[PDB]
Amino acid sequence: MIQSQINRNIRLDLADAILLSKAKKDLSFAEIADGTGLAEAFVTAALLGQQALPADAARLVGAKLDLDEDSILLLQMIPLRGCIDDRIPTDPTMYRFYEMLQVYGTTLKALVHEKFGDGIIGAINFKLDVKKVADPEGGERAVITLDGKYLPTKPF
């Protein structure tokens, strides 16, 4: 039977334990997700308290990280989602994504309405991924693709 959380702290405390075990074992997120059938972004978000793992995946990652039974069960719960401590991120790496919204938020809205119409680009029927692409001018670029379904707003 499906089970859900209401206090994000239970899963976020579990995330810190996971990250410690991960480091002690010198593991990567790619390796933790490999063999699971699930995308690296999905498995990683689950570890970090933002998604639920199916049971088989919870056991698979529990074994890799030496987690206890309560922990494997907790990973299967539907989380109380929200990873930002206090609305605005303090961390530079996360903050950049917030700043992209401060710069282009209204442009995303205007261009969505133009291309699709009234409504939203969904954050539920959605996936994201991060690809590394060499920069012609030197160094590396990240192309983050946000991929979401258009949900129209219509009169009733």
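In this text, residue numbers run from 1 along the sequence as written.
Across the two stretches, 16-24 and 129-137, the PDB entry reports the greater mean Cα temperature factor for 129-137. As the entry records it, the average C-alpha temperature factor is higher for 32-40, out of 45-53 and 32-40. Among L65, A110, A58, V103, the highest C-alpha B-factor in the deposited entry belongs to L65. For the set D70, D91, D118, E99, the maximum C-alpha B-factor listed in the entry falls on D70. The deposited CA B-factor of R8 belongs to the lowest third of values across its chain.
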